[PDB]
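Encoded as structure tokens, the following chain is the form solved without this ligand, with no partner shown.
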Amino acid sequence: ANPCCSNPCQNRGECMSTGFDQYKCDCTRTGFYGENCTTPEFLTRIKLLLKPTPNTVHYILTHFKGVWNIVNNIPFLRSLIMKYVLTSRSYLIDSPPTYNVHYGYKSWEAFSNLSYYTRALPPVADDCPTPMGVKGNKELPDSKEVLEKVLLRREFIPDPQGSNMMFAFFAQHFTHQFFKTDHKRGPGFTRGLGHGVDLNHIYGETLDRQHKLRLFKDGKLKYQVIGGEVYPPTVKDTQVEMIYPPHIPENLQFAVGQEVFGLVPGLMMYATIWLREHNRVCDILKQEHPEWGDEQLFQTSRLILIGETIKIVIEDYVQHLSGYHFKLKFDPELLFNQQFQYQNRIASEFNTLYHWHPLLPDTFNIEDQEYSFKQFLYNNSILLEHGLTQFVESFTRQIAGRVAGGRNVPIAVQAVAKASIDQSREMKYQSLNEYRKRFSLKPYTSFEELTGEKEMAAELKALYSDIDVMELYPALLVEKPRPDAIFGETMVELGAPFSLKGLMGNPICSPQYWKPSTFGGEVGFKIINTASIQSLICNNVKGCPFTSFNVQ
């Protein structure tokens, strides 16, 4: 019965029920008047008649390599750009946070509760007629279908971008701090109240945990040496909470910031690395400050590491993920005169877009061997067996599956991807065209447009009928990739903002934090400013096995 059901209000306008069967649009600071926030104002026009399509830009970003090389070696220029990129996004996210699962209108309970996941777009009134408000049928295509009909991988599709296993597990490992949905509660609730890059996966969310993972000496994290190698410590020695299957031997039950991380030798590997990184830093500090305390070292480290991370992600991970020729730079000093809200709340959407299963290979080739999901899972014995070094090298090449192309979802991952759809539905997610419009994206006029190819498209049009009624998550994996890219435009234009927020919006990136002091001074500062997934592995891993998020 909700007169807003139809998502009438345009351009970030706000719909309000001005009576049982009537509504109203809050076209405030939107740039458009009219009952629907459509009629634009002048500057609006000129603003749009100077707004280049993302594809256009993306293009320019990935071409003229020669020129990009020029700028890539001209500090002010580079920054001037990187900044532009920074700022280009910025004005997109709703910070401070607004809606969430249960709240379609701004509410204190909303803005306050931290267990919720904020929503870039409001849900749909449970009173609304159709799942997408009004357009569509009493229901949505069964997921199993869609799942199969266009998602599940038939022939493994490699990511044209060269995304190796390293990248995959990173992204996997990394994103696992922010995204941490508490299911006991629901799909919409997170358990990572840190709502951002806080390496809680390395040090636990609660202090209690953190302390058990702490050695309380030189601010180092409790560790353990197996076969002359540094590894996370046992659950039987730290009593830390770790999610493991009955058979696992105590000598194998690893304890780390994240309780789930034991079920994936891929994850565990990274852990071990970072863990090693931390303590590595501790030593460097204890060198600088022979007069510091355990609790100070431990805390300075965590600050420096968080820095590195934010760096290695933006400058490596994200860099590669974009395939731009411009070298992405991480320097907060760029927002020091930019109206930027150094804060962040994690959105449901951003979580879903994450469901990057396609990356997942069909087997896991470590050195000679090749493993199956059925094999890999919870078999850290694997990790122990081959060693970090090999793992690195190995994973540094085993290309990962493309993700936007279509039907490239491992069958083992079956269950998951389905949920990914089922969920968004429960959370009354909005139409993909809505989320498209939201981020100022022209909506897809035909399934064929969304895919390019006519196969799936037609196959989908069968299922959804109205392009509008197309679900986001799905549309994302099926989306029509960019020229050899791994993602479509949609997935990029959504995570780009969402990301550079929690990335930049992190405390340490704020003025009264960005300084040597904050990190034990210059030395420990440099560390962050000179951090690459490369060195991260170089230092922490034996023999400095070369690596990249790119398979050569």
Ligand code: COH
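Rigid core (definition): largest C-alpha set, two forms, superposition within 1.5 Å. Residue indices: 1-based, along the sequence shown.
A fit on the rigid core, followed by a root mean square over CA positions in 5 other deposited structures of this protein, ranks 446-454 against 86-94 and picks 86-94 as the more shifted one. In 5 other deposited structures of this protein, superposed on the rigid core, the segment with the larger root-mean-square CA displacement between 77-85 and 105-113 is 77-85. For the pair 450-458 and 375-383, the mean B factor over Cα atoms is greater in 375-383. Averaged over Cα atoms, the B-factor as recorded in the entry is higher for 389-397 than for the other of 389-397 and 293-301.
Taking the PDB entry at face value, the top CA B factor among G104, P474, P129, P410 belongs to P129. The PDB entry gives the largest Cα B-factor of the residues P141, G136, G227, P123 to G136. Annotation for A496: C-alpha temperature factor in the middle third relative to the rest of the modelled chain, per the entry.
Ranked within its chain, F169 lands in the lowest third, by CA B factor from the PDB record. Split the chain's modelled residues into thirds by C-alpha temperature factor. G162 is in the middle one. In this PDB entry, the Cα temperature factor of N539 sits in the top third of its chain's modelled residues, the highest group.
The PDB entry assigns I310 a C-alpha temperature factor belonging to the lowest third of its chain's modelled residues.
As for the form solved in complex with this ligand, it is not shown, yet the points below apply to it.
Exactly one of the stretches 218-226, 271-279, 420-428, 284-292 approaches this ligand in the bound PDB entry with heavy atoms within 4.5 Å, and it is 420-428. Using a 4.5 angstroms heavy atom cutoff to this ligand in the bound PDB entry, none of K106, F111 and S510 count as contacting. Out of the listed residues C128, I157, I399, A171, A171 is the one that sits within 4.5 Å of this ligand in the bound PDB entry by at least one heavy atom. This chain is displayed alone, yet in the bound PDB entry one of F254, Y203, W356, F447 has a heavy atom within 4.5 Å of this ligand; that residue is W356. Using a 4.5 angstroms limit between non-hydrogen atoms, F179 touches this ligand in the bound PDB entry.
When contacts are judged by a 4.5 Å heavy atom cut-off, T98 does not count as touching this ligand in the bound PDB entry. For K138, no non-hydrogen atom is located within 4.5 Å of this ligand in the bound PDB entry, even though that partner is not displayed.
Proximity of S394 to this ligand in the bound PDB entry: non-hydrogen atoms within 4.5 Å are absent; the residue sits far from the partner. Along 475-510, a non-hydrogen atom within 4.5 Å of this ligand in the bound PDB entry is carried by no residue at all.
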